[PDB]
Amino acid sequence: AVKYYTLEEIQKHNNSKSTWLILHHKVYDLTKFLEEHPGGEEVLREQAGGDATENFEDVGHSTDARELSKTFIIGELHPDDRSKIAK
């Protein structure tokens, strides 16, 4: 009962009205969060419409931040795109 979104669809959610990104094959709707994110808005905007897995780990996000991230999950990357995008 995973909801899947294609990469082609996710790429459209790249603006102030709808900003999504991908972390570890899951899709996060950060449209509203980016106004609250402690790391600022632009790092998230930069990533909108695509995968940001590497950026998210490289920062060293706290466990608290991971836990918070789960609240923004709206679905997962379609299986057809899971060799293009890794996990």
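Counting begins at 1, following the sequence as shown.
Entry-reported Cα temperature factor of residue 11, expressed as the chain third it lands in: Its C-alpha B-factor, which the entry lists for residue 11, ranks in the lowest third among residues of this chain.
Can you tell me whether residue 62 has a C-alpha B-factor in the lowest, middle or highest third compared with the other modelled residues of the same chain? As the PDB entry reports it, the C-alpha B-factor of residue 62 lands in the highest third of its chain.
Using only modelled residues of the chain, where does the Cα B factor of residue 73 rank: lowest third, middle third or highest third? It belongs to the middle third of the chain when residues are ordered by C-alpha B-factor.
Grab the CA temperature factor for residue 46 from the record and place it in the lowest, middle or highest third of its chain. Tercile = middle for this residue's CA B-factor.
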